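Below you'll find the structure, written out as structure tokens, and then a few comments.
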Amino acid sequence: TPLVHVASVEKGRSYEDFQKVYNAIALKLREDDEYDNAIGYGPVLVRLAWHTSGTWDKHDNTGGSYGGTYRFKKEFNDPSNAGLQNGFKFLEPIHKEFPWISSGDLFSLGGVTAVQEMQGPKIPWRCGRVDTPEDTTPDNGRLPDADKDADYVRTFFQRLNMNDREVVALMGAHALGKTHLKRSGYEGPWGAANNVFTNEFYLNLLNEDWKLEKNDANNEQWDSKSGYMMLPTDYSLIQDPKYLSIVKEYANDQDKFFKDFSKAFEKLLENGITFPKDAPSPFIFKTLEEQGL
Ligand code: HEM
């Protein structure tokens with residue numbers, strides 16, 4: 001019997017309340033600009049939103065964004081989550097200022113805010129995740145390995161109810177940030193901008209001259225002369241003919257990638273949640289730039 005998690009709006013809160021939380025996150029993103037050699041906290045916040053949602057299992061509705069369980073030791077100490085403590089620390093003063101927002105709402109909103117502030121697509125976002133107790137924390141090992149092939153990736157993402165297009169779209173988030181040897185056993189960025197959300201991941205996969213090398217952790221990764229890298233799982237997207245077609249599509253249509261990413265990312269962040277028929281519609285937050293802030 002799969003658990004049922006019903007969204008419950010934080011008491012009396014509406015769009016304006018959540019836009020304030022968005023703004024606080026966005027202003028802090030602007031302020032704390034030196035983190036990770038001046039990349040800023042955008043990428044790590046996106047990874048945090050993904051890893052807190054990515055524990056979901058469609059078969060029994062365990063894990064997922066609803067319960068905000070990363071706040072518990074078992075999950076924040078998941079080896080797969082190494083480095084995410086930085087995103088958590090970033091969000092702490094936001095949680096302190098807005099103690100009414102649920103942990104799951106904050107983790108997921110962190111990701112949405114980061115994508116939008118980094119010039120990504122608008123990502124509609126729904127409130128109402130409710131904190132669940134420590135015994136609801138999913139065991140480690142539900143997040144994906146990076147050393148695997150296309151068959152692994154395809155099978156892995158079926159557990160999150162994602163199809164080929166959704167998988168390829170979601171992986172485009174690798175435009176952001178970088179791998180860090182001490183965190184994951186991989187080193188290097190996927191591209192040049194690091195803190196601007198674009199379709200660069202796909203362009204790089206297709207256009208760079210990739211060499212299969214061993215990094216300083218004795219793990220294989222694909223490196224280019226430009227100083228970029230791809231994980232084996234990233235590279236698998238051009239090895240598999242079905243993934244390859246989609247990679248070419250996104251590399252050649254920025255708008256299409258934006259639209260598809262937005263849908264897949266919202267879906268990721270909402271997996272496992274039942275929204276009542278009379279729940280508010282998804283919110284689309286204005287960026288700081290759009291507000292003149
Ligand atoms: C096969 C699936 C995936 C694998 C194996 C994978 C693996 C990894 C690894 C090993 C890192 C480096 C961590 C570090 O050393 O700091 C990373 C970083 C990152 N991942 Fe993925 N990932 C996957 C999918 C995704 C998805 C679906 C998203 C979001 C939509 C995402 C967003 C990110 C971001 C933004 C970073 C940069 C973090 C930072 O710079 O601090 N990844 N991923």
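Chain identifiers are assigned as A, B, and so on, following the order in which chains appear in the structure tokens; residues are numbered from 1 within each chain, and ligands are numbered from 1 in order of appearance.
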>> ligand 1: which residues are within 6 Å, counting only C-alpha atoms and all ligand atoms? Reply as a count of residues only.
In response: 23
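Contact shell of residue A:182 at 10 Å (only C-alpha atoms; same-chain neighbours under 3 positions omitted): residues 82, 83, 179, 185, 186, 187 and 217 of chain A.
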>> Taking only stretch 40-274 of chain A into account, list the residues labelled strand (DSSP E) by DSSP (computed from the backbone), as a PyMOL selection string.
In response: chain A and resi 178-179+188-189+210-214+220-224+229-230+273-274
So that each row is one residue of stretch 58-151 of chain A with an atom at most 7 Å from stretch 282-288 of chain A, can you give its shortest atom pair and the distance in Å to one decimal, using only C-alpha atoms, rows by chain and rising number, as CSV?
residue,atom,partner,partner_atom,distance
A:116,CA,A:287,CA,6.6
A:117,CA,A:287,CA,6.2
A:122,CA,A:284,CA,6.8
A:123,CA,A:284,CA,6.7
A:124,CA,A:284,CA,4.8
A:125,CA,A:282,CA,5.1
A:126,CA,A:282,CA,4.7
For the residues in that selection, give me N, CA and C atoms as an mmCIF file, in the first residue's frame.
data_model
loop_
_atom_site.group_PDB
_atom_site.id
_atom_site.type_symbol
_atom_site.label_atom_id
_atom_site.label_comp_id
_atom_site.auth_asym_id
_atom_site.auth_seq_id
_atom_site.Cartn_x
_atom_site.Cartn_y
_atom_site.Cartn_z
ATOM 1 N N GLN A 116 15.523 30.049 -12.081
ATOM 2 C CA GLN A 116 14.977 31.299 -12.623
ATOM 3 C C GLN A 116 15.976 32.449 -12.535
ATOM 4 N N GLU A 117 16.652 32.557 -11.394
ATOM 5 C CA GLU A 117 17.607 33.645 -11.191
ATOM 6 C C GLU A 117 18.829 33.495 -12.094
ATOM 7 N N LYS A 122 10.895 29.777 -16.556
ATOM 8 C CA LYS A 122 9.978 29.805 -15.420
ATOM 9 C C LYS A 122 9.589 28.369 -15.077
ATOM 10 N N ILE A 123 9.571 28.063 -13.786
ATOM 11 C CA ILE A 123 9.176 26.757 -13.297
ATOM 12 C C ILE A 123 7.971 26.953 -12.369
ATOM 13 N N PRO A 124 6.755 26.579 -12.827
ATOM 14 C CA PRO A 124 5.596 26.691 -11.927
ATOM 15 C C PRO A 124 5.842 25.846 -10.695
ATOM 16 N N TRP A 125 5.403 26.342 -9.550
ATOM 17 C CA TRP A 125 5.720 25.699 -8.280
ATOM 18 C C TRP A 125 4.478 25.698 -7.398
ATOM 19 N N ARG A 126 4.210 24.564 -6.747
ATOM 20 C CA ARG A 126 3.062 24.444 -5.854
ATOM 21 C C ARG A 126 3.521 24.278 -4.416
#
>> For a test of reading the model, state the distance in Å between atom CA of residue A:252 and atom CA of residue A:270, rounded to one decimal.
In response: 28.4 Å
So that I can see what lies close to residue A:39, please list as a short mmCIF file (atom, residue, chain, number, x, y, z; two decimals) with C-alpha atoms, in the first residue's frame the residues with an atom at most 8 Å from it, counting only C-alpha atoms and leaving out residues fewer than 4 positions away in the same chain.
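Dumped to out-v5.cif:
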data_model
loop_
_atom_site.label_atom_id
_atom_site.label_comp_id
_atom_site.auth_asym_id
_atom_site.auth_seq_id
_atom_site.Cartn_x
_atom_site.Cartn_y
_atom_site.Cartn_z
CA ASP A 33 28.60 35.52 -4.81
CA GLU A 34 32.05 34.16 -3.89
CA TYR A 35 31.07 30.57 -2.99
CA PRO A 43 23.91 25.12 -8.93
CA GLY A 177 28.08 24.13 -11.54
CA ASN A 194 28.57 27.46 -14.74
CA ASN A 195 25.93 29.81 -13.29
#
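Between atom CA of residue A:30 and atom CA of residue A:268 the separation is 25.8 Å.
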Within 10 Å of stretch 234-244 of chain A, which residues of stretch 153-215 of chain A come that close, and what is the closest atom pair and distance in Å for each? Count only C-alpha atoms and give it as CSV.
residue,atom,partner,partner_atom,distance
A:153,CA,A:236,CA,8.3
A:154,CA,A:243,CA,9.5
A:164,CA,A:243,CA,6.7
A:165,CA,A:243,CA,7.8
A:167,CA,A:243,CA,8.7
A:168,CA,A:243,CA,6.8
A:171,CA,A:234,CA,7.5
A:172,CA,A:234,CA,9.4
A:174,CA,A:234,CA,8.7
A:190,CA,A:234,CA,9.6
A:201,CA,A:234,CA,9.1
A:202,CA,A:237,CA,9.3
A:205,CA,A:235,CA,7.1
A:206,CA,A:238,CA,7.7
A:210,CA,A:235,CA,9.2
A:212,CA,A:235,CA,10.0
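With atom CA of residue A:209 on one side and atom CA of residue A:246 on the other, the separation reads 19.6 Å.
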Which of stretch 174-278 of chain A end up as helix (DSSP H, G or I) when DSSP is run on this backbone - answer as a tab-separated table (two decimals) with N, CA and C atoms, in the first residue's frame?
chain	number	residue	atom	x	y	z
A	174	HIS	N	23.00	19.87	-15.94
A	174	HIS	CA	24.46	19.79	-15.87
A	174	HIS	C	25.19	20.94	-16.59
A	175	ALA	N	24.44	21.82	-17.24
A	175	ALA	CA	25.00	23.12	-17.65
A	175	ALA	C	25.55	23.87	-16.42
A	181	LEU	N	36.13	16.81	-6.96
A	181	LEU	CA	36.72	15.49	-6.72
A	181	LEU	C	36.45	14.93	-5.32
A	182	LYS	N	36.54	15.78	-4.30
A	182	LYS	CA	36.36	15.33	-2.92
A	182	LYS	C	34.92	14.99	-2.58
A	183	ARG	N	33.98	15.50	-3.37
A	183	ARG	CA	32.57	15.22	-3.12
A	183	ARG	C	32.11	13.94	-3.78
A	184	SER	N	32.48	13.76	-5.05
A	184	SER	CA	31.88	12.69	-5.86
A	184	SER	C	32.88	11.77	-6.54
A	200	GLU	N	23.72	24.62	-23.02
A	200	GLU	CA	25.16	24.37	-23.27
A	200	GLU	C	25.57	22.90	-23.10
A	201	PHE	N	24.95	22.19	-22.16
A	201	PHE	CA	25.26	20.76	-21.90
A	201	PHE	C	25.20	19.95	-23.21
A	202	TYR	N	24.11	20.13	-23.96
A	202	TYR	CA	23.87	19.38	-25.20
A	202	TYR	C	24.83	19.79	-26.31
A	203	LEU	N	25.05	21.09	-26.45
A	203	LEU	CA	26.01	21.62	-27.41
A	203	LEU	C	27.40	21.06	-27.14
A	204	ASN	N	27.80	21.07	-25.87
A	204	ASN	CA	29.12	20.53	-25.50
A	204	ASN	C	29.26	19.04	-25.78
A	205	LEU	N	28.25	18.25	-25.40
A	205	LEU	CA	28.25	16.82	-25.70
A	205	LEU	C	28.51	16.56	-27.17
A	206	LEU	N	27.83	17.32	-28.02
A	206	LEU	CA	27.89	17.10	-29.47
A	206	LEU	C	29.11	17.72	-30.15
A	207	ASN	N	29.58	18.86	-29.64
A	207	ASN	CA	30.58	19.65	-30.36
A	207	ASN	C	32.02	19.52	-29.87
A	232	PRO	N	30.38	9.39	-17.24
A	232	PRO	CA	29.92	8.27	-18.09
A	232	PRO	C	28.41	8.27	-18.37
A	233	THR	N	27.59	8.60	-17.37
A	233	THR	CA	26.14	8.65	-17.57
A	233	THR	C	25.71	9.80	-18.51
A	234	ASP	N	26.42	10.93	-18.45
A	234	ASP	CA	26.20	12.05	-19.39
A	234	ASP	C	26.52	11.61	-20.80
A	235	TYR	N	27.70	11.01	-20.96
A	235	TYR	CA	28.17	10.58	-22.27
A	235	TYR	C	27.25	9.52	-22.86
A	236	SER	N	26.63	8.72	-22.00
A	236	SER	CA	25.71	7.67	-22.44
A	236	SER	C	24.55	8.24	-23.27
A	237	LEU	N	24.23	9.52	-23.06
A	237	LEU	CA	23.17	10.19	-23.81
A	237	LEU	C	23.48	10.38	-25.30
A	238	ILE	N	24.76	10.27	-25.67
A	238	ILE	CA	25.13	10.29	-27.09
A	238	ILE	C	25.54	8.91	-27.62
A	239	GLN	N	25.71	7.95	-26.71
A	239	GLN	CA	25.98	6.57	-27.10
A	239	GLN	C	24.71	5.82	-27.48
A	241	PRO	N	21.14	5.53	-29.21
A	241	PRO	CA	20.57	6.24	-30.37
A	241	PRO	C	19.28	7.02	-30.06
A	242	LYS	N	18.50	6.54	-29.11
A	242	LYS	CA	17.25	7.21	-28.72
A	242	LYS	C	17.55	8.49	-27.93
A	243	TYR	N	18.45	8.38	-26.96
A	243	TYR	CA	18.90	9.57	-26.26
A	243	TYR	C	19.58	10.56	-27.22
A	244	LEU	N	20.38	10.05	-28.15
A	244	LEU	CA	21.12	10.93	-29.06
A	244	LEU	C	20.20	11.88	-29.83
A	245	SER	N	19.10	11.34	-30.35
A	245	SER	CA	18.14	12.14	-31.11
A	245	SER	C	17.63	13.33	-30.29
A	246	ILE	N	17.36	13.08	-29.01
A	246	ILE	CA	16.82	14.10	-28.10
A	246	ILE	C	17.88	15.15	-27.75
A	247	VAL	N	19.10	14.68	-27.49
A	247	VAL	CA	20.25	15.59	-27.32
A	247	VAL	C	20.40	16.58	-28.50
A	248	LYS	N	20.34	16.06	-29.72
A	248	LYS	CA	20.40	16.90	-30.92
A	248	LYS	C	19.25	17.90	-30.99
A	249	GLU	N	18.06	17.46	-30.60
A	249	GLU	CA	16.89	18.34	-30.55
A	249	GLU	C	17.12	19.53	-29.61
A	250	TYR	N	17.57	19.24	-28.39
A	250	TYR	CA	17.76	20.31	-27.40
A	250	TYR	C	18.95	21.21	-27.75
A	251	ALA	N	19.98	20.62	-28.36
A	251	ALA	CA	21.14	21.39	-28.81
A	251	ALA	C	20.76	22.40	-29.90
A	254	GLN	N	16.67	26.06	-28.17
A	254	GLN	CA	16.77	26.56	-26.80
A	254	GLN	C	15.39	26.64	-26.13
A	255	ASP	N	14.39	27.12	-26.88
A	255	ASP	CA	13.04	27.29	-26.33
A	255	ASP	C	12.42	25.95	-25.95
A	256	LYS	N	12.60	24.96	-26.82
A	256	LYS	CA	12.04	23.62	-26.61
A	256	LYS	C	12.67	22.99	-25.37
A	257	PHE	N	13.99	23.14	-25.23
A	257	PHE	CA	14.65	22.64	-24.05
A	257	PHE	C	14.10	23.32	-22.78
A	258	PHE	N	13.97	24.65	-22.83
A	258	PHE	CA	13.40	25.39	-21.69
A	258	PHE	C	12.01	24.89	-21.30
A	259	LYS	N	11.14	24.71	-22.29
A	259	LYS	CA	9.78	24.24	-22.04
A	259	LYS	C	9.74	22.84	-21.43
A	260	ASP	N	10.53	21.94	-22.00
A	260	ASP	CA	10.59	20.55	-21.56
A	260	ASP	C	11.24	20.42	-20.18
A	261	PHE	N	12.34	21.15	-19.97
A	261	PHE	CA	12.97	21.15	-18.65
A	261	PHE	C	12.00	21.62	-17.57
A	262	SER	N	11.29	22.71	-17.87
A	262	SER	CA	10.37	23.28	-16.88
A	262	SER	C	9.32	22.24	-16.45
A	263	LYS	N	8.73	21.57	-17.44
A	263	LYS	CA	7.73	20.52	-17.17
A	263	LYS	C	8.33	19.36	-16.37
A	264	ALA	N	9.49	18.86	-16.79
A	264	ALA	CA	10.11	17.71	-16.12
A	264	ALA	C	10.56	18.05	-14.69
A	265	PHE	N	11.09	19.26	-14.53
A	265	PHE	CA	11.60	19.70	-13.23
A	265	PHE	C	10.44	19.90	-12.25
A	266	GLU	N	9.34	20.51	-12.71
A	266	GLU	CA	8.17	20.62	-11.84
A	266	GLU	C	7.66	19.22	-11.45
A	267	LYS	N	7.61	18.33	-12.44
A	267	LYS	CA	7.12	16.97	-12.21
A	267	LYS	C	7.99	16.26	-11.15
A	268	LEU	N	9.30	16.36	-11.33
A	268	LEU	CA	10.27	15.82	-10.36
A	268	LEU	C	9.96	16.32	-8.95
A	269	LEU	N	9.75	17.63	-8.83
A	269	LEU	CA	9.56	18.27	-7.53
A	269	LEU	C	8.20	17.95	-6.91
A	270	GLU	N	7.27	17.45	-7.74
A	270	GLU	CA	5.90	17.16	-7.29
A	270	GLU	C	5.57	15.67	-7.19
>> So, with only C-alpha atoms as the atoms that count, which of A:133, A:79, A:128, A:67 lies closest to residue A:13?
In response: A:128
> Which of these residues is nearest to residue A:137, using only C-alpha atoms: A:99, A:93, A:272, A:63?
Replying inline: A:63
Contacts of stretch 75-138 of chain A with stretch 4-8 of chain A up to 12 Å, shortest pair per row, only C-alpha atoms, as JSON lines:
{"residue": "A:101", "atom": "CA", "partner": "A:8", "partner_atom": "CA", "distance": 11.3}
{"residue": "A:102", "atom": "CA", "partner": "A:8", "partner_atom": "CA", "distance": 10.1}
{"residue": "A:104", "atom": "CA", "partner": "A:7", "partner_atom": "CA", "distance": 10.9}
{"residue": "A:105", "atom": "CA", "partner": "A:7", "partner_atom": "CA", "distance": 10.4}
{"residue": "A:126", "atom": "CA", "partner": "A:7", "partner_atom": "CA", "distance": 8.9}
{"residue": "A:127", "atom": "CA", "partner": "A:7", "partner_atom": "CA", "distance": 7.3}
{"residue": "A:128", "atom": "CA", "partner": "A:8", "partner_atom": "CA", "distance": 4.4}
{"residue": "A:129", "atom": "CA", "partner": "A:7", "partner_atom": "CA", "distance": 5.5}
{"residue": "A:130", "atom": "CA", "partner": "A:8", "partner_atom": "CA", "distance": 6.9}
{"residue": "A:131", "atom": "CA", "partner": "A:5", "partner_atom": "CA", "distance": 10.6}
{"residue": "A:132", "atom": "CA", "partner": "A:5", "partner_atom": "CA", "distance": 9.9}
{"residue": "A:136", "atom": "CA", "partner": "A:5", "partner_atom": "CA", "distance": 12.0}
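Among the candidate residues A:80, A:65, A:103, A:199, the one lying nearest to residue A:274 is A:65, with distances computed using only C-alpha atoms.
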> What lies within 9 Å of residue A:211 using only C-alpha atoms, ignoring chain neighbours under 2 positions off, as an MDAnalysis selection string?
Replying inline: chainID A and resid 209 213 221:225
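Residue nearest residue A:191 within the list A:72, A:169, A:1, A:228: A:228 [criterion: smallest interatomic distance, only C-alpha atoms].
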